[PDB]
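# Coordinates in review
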Amino acid sequence: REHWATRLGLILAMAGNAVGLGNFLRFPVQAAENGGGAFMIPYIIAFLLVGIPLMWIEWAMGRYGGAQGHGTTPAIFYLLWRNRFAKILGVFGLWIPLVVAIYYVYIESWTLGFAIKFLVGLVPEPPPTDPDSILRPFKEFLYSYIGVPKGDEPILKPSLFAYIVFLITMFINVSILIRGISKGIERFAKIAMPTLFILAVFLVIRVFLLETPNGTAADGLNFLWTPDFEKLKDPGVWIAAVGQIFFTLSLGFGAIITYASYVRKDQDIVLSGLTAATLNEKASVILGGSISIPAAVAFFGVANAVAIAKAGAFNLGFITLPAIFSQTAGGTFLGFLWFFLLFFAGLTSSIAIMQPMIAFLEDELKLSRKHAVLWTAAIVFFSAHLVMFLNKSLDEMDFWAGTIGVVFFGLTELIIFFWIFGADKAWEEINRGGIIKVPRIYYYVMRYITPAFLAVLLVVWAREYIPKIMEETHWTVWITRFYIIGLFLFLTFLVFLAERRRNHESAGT
Ligand SMILES: CCCCCCCCO[C@@H]1O[C@H](CO)[C@@H](O)[C@H](O)[C@H]1O
Ligand SMILES: CCCCCCCCO[C@@H]1O[C@H](CO)[C@@H](O)[C@H](O)[C@H]1O
Ligand SMILES: CCCCCCCCO[C@@H]1O[C@H](CO)[C@@H](O)[C@H](O)[C@H]1O
Ligand SMILES: CCCCCCCCO[C@@H]1O[C@H](CO)[C@@H](O)[C@H](O)[C@H]1O
Ligand SMILES: CCCCCCCCO[C@@H]1O[C@H](CO)[C@@H](O)[C@H](O)[C@H]1O
Ligand SMILES: CC(C)C[C@H](N)C(=O)O
Ligand SMILES: [Cl-]
Ligand code: NA
Ligand code: NA
């Protein structure tokens, strides 16, 4: 089996795994929609009560599984719980990263696409003061690119350039993943990460220098870092904060697990898991949070920033922020740095969410790494046409695999590892090989607090939120719903073939 070559590569591969588009696109929207400083409180607690503990658990499962030649959850879930239902529950660990991959890679490609058009200076030319005459040319720039519907039909019509950049993007993902852990994901993570850090620093600095009749970047920082204890009681704020902790630290995607399974059996995972998590939360709160919001608040003042955040998720990153940059000298280049930064951030995270399925085709179905990568690209590339041409298809997947799936799977891997497998055997397994050990208090946060926190979350969710989505959506949602349910049975079928081949291989030995 393959292993990470250096302690550094591993840590940067894991930090690039987590540090993605969620840090620079999702976090900003989420923190502003949810009252700025009023979101930061739950977010910090959630990081201490859910974030860190699950990070460790997944590394643990990962290294544990990897040692015995398995890097995915259908296998590993069976090793922790010798039951047929563990393989099935373990499927979600290939399903989630696959579905998410299907729409992540596409979005990631956009940034490449925009990155290229801003470099070359093929970008809208806003008429040099009216906020709309400026924002509109860019709304149309995005709307043309991805192909937003103009009439009554839920049909996206992607530009050709977009489509072909989606090919290159796939190609670029494959060229890394096909070289493997150490010579691919690892070699790349050592270049990407520093680059990502520099670009973001440069942007953060340049943004801090923004001033307008309407404010300064400072006002954005205040808005973001001013406590509002009159929300703490809002369950929407806690479901917001926790949903953001998961996505950002790649928990419940089975990606941490799969990566971790390339960690040598003896290698520490306590100081490593802790370093990777702490990297993702700096990049998140220090960098991601100091680019979008400050710039928006500095040009529009807070009241309008918030209104934009709520407008959509991509309004800020793909429309507002470029439009703002366009009102500054070389703001086109700056735009390119902005998108070139996003790209690398989405590239390092998309290679991560595609490795689970790969690791399964090699591990369980004994395919070469090459065929594994190729087929995994074909499944994602084919399926991505759904996302490309079906309006709000992305939104549906991001909900079932990227929102509901992750939380349910997180609680699930926690209940299998710490409750079924064994709390003590889990503790012993997490701490084993550590450079540092785990704060004794955390044992009790993992065994009682965490699972009760989440369990409650999911309960409120299934009551005060999910009924609206099942009933108040358009009818096309049932196409994607049909498709991603179809993917699950397919995965369920390979898990079936894999256990069969194993039976034939045990008999033939
Ligand atoms: C392998 C599965 C293929 C199924 C259908 C392929 C559709 C390709 O369609 C292409 O996409 C672009 C985006 O709008 C357009 O620019 C092109 O004119 C079009 O040929
Ligand atoms: C990284 C390289 C990507 C290049 C792919 C070219 C995409 C083809 O796109 C075409 O180009 C023209 C001009 O820009 C437009 O007039 C056409 O409407 C468009 O279909
Ligand atoms: C459920 C998802 C199905 C994806 C199949 C999409 C097939 C591509 O469809 C084609 O693409 C072009 C661009 O919009 C159009 O010019 C063509 O008229 C259309 O035939
Ligand atoms: C479910 C997602 C799939 C979206 C595909 C959108 C493509 C729209 O393409 C349409 O297809 C028809 C059938 O060949 C043609 O008769 C139409 O002229 C054409 O506009
Ligand atoms: C509710 C979760 C809070 C997490 C913060 C934990 C900080 C570490 O806590 C420390 O770790 C040591 C080992 O267990 C103890 O010896 C110390 O008394 C303690 O101060
Ligand atoms: C699906 C994961 C790779 C997402 C990643 N943690 C991000 O914040 O973008
Ligand atoms: Cl985050
Ligand atoms: Na990333
Ligand atoms: Na992240």
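Residues numbered from 1 in each chain as written, not as in the entry; some residues may be left out. Chains lettered and ligands numbered in written order. Heavy atoms only, no water.

Per the deposited record, the coordinates in this entry were obtained by X-ray crystallography to a resolution of 3.300 Å.

This next bit is on the coordination of the sodium ion (ligand 9). Tetrahedral metal sites with four donors have an ideal angle of 109.5 degrees; octahedral sites with six donors have ideal angles of 90 or 180 degrees. Within the protein, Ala-18 (O), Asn-23 (OD1), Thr-248 (O), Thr-248 (OG1) and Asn-280 (OD1) serve as the donor atoms for the sodium ion (ligand 9), at 2.3 to 2.6 Å. Exposure remark for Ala-18: the relative accessible area of 6% places this residue in the buried category. (Donors = N, O, S within 2.8 Å, 3.2 Å for Na, K, Ca; no water. Buried < 20%, exposed > 50% of the residue type's maximum accessible area, 1.4 Å probe, protein only.)

Right, let's get into helix 23 (residues 477-507). Over its 31 residues, helix 23 runs 46 Å from end to end, which matches the ideal 45 Å to within 8%, given 1.5 Å per residue. For helix 23, the complete set of buried residues consists of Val-477, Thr-480, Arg-481, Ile-484, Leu-487, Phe-488, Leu-491, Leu-494, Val-495, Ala-498 and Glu-499. Elements in contact with the buried residues of helix 23: helix 4 (73-80), helix 5 (84-119), helix 17 (355-363), helix 18 (369-389), helix 19 (393-421) and helix 22 (466-471). (Helix = DSSP H or I, 4+ residues; strand = E, 2+ residues; numbered from the N terminus. Expected span 1.5 Å × (residues − 1). Contact = heavy atoms within 4.5 Å.)

To continue, consider the site of ligand 5. Taken together, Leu-49, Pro-439, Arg-440 and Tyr-442 make up the full set of residues near ligand 5. In the environment of ligand 5, an oxygen atom lies 2.7 Å from a nitrogen or oxygen atom belonging to the backbone of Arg-440. For the shell around ligand 5, the residue count by class is three nonpolar, no polar and one charged. (Near = heavy atom within 4 Å. Polar contact = N/O pair within 3.5 Å; in protein donor to acceptor, adjacent residues only side chain to side chain. Nonpolar A, V, L, I, M, F, W, Y, C, P; charged D, E, K, R; others polar.)

Looking now at the UniProt feature "binding site: phosphocholine 2" (unreviewed entry) in the protein chain. As recorded in UniProt, the feature "binding site: phosphocholine 2" (unreviewed entry) lies at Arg-84. Within the secondary structure, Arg-84 sits in helix 5. What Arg-84 contacts, discounting residues up to four positions off in sequence, is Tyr-78 and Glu-499. Only 3.3 Å separates the side chain of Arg-84 from the side chain of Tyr-78, close enough to count as a polar contact. (UniProt positions renumbered as here; feature names shortened; annotations may be inferred.)

Within the protein, the atoms that donate to the sodium ion (ligand 8) are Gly-16 (O), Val-19 (O), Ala-345 (O), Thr-348 (OG1), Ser-349 (N) and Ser-349 (OG), at distances of 2.2 to 3.1 Å. In this structure, the sodium ion (ligand 8) is surrounded by six donor atoms whose angles at the metal cover 66 to 170°, and the resulting shape is irregular. Here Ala-345 pairs with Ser-349, and both are found in helix 16 (residues 331-350), just four residues apart, close to one helical turn. Judged by relative accessible area, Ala-345 falls into the buried class, the value being 0%. Judged by its relative accessible area of 4%, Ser-349 is buried. (Tetrahedral: all angles 85-135°; square planar, octahedral: opposite > 155°, others 65-115°.)

It is worth spelling out the layout of surface pockets at this point. The space that makes up the largest pocket amounts to roughly 1,500 Å³. Around the largest pocket, the lining comprises 46 residues; the ones closest to its centre are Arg-26, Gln-30, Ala-313, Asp-395 and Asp-398. Mapped by element, the contributors of at least two residues to the lining of the largest pocket are helix 2 (21-33), helix 5, helix 6 (131-147), helix 10 (235-248), helix 14 (302-311), helix 15 (314-325) and helix 19. Across the lining of the largest pocket, the residue classes tally to 28 nonpolar, 11 polar and seven charged. Of the voids in this model, the second largest pocket is the one considered here, and its volume is about 330 Å³. Forming the walls of the second largest pocket are 19 residues, and the residues nearest its centre are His-70, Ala-75, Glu-364, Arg-501 and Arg-502. Per element, the largest residue contribution to the lining of the second largest pocket is six residues, and it comes from helix 23. Classifying every residue of the lining of the second largest pocket gives seven nonpolar, three polar and nine charged. (1 Å grid on protein atoms, 1.4 Å probe; cavity = no way out; pocket = protein on both sides within 12 Å on 5 of 7 lines; lining within 4 Å. Points joined across faces, edges and corners; volume = space filled by probe spheres on them.)

It is worth spelling out the pattern of salt bridges at this point. Under the defined criterion, the tally for this structure stands at 11 salt bridges. Taking the shortest distance from any N to any O, the salt bridge between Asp-234 and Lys-231 comes out at 2.9 Å. Accessibility expressed as a relative area gives 27% for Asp-234, which makes it partly exposed. Residue classification places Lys-231 among the partly exposed residues on the basis of a relative accessible area of 28%. Taking the shortest distance from any N to any O, the salt bridge between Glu-505 and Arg-501 comes out at 3.1 Å. Separated by four residues within a single helix, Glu-505 and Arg-501 lie in helix 23, roughly one turn from each other. Residue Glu-505 is classed as partly exposed on the basis of its relative accessible area, which comes to 41%. Residues participating in the shared-partner salt-bridge network are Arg-63, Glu-429 and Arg-432. (Salt bridge = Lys/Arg side-chain N within 4 Å of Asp/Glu carboxyl O.)

One number sums up the size of the largest cavity: a volume of about 130 Å³. Sorting the residues of the lining of the largest cavity by element identifies helix 1 (7-18), helix 2, helix 5 and helix 10 as the ones contributing at least two each. It is helix 2 that provides the largest number of residues to the lining of the largest cavity, a total of three residues. Considering only residue class, the lining of the largest cavity consists of seven nonpolar, seven polar and no charged.

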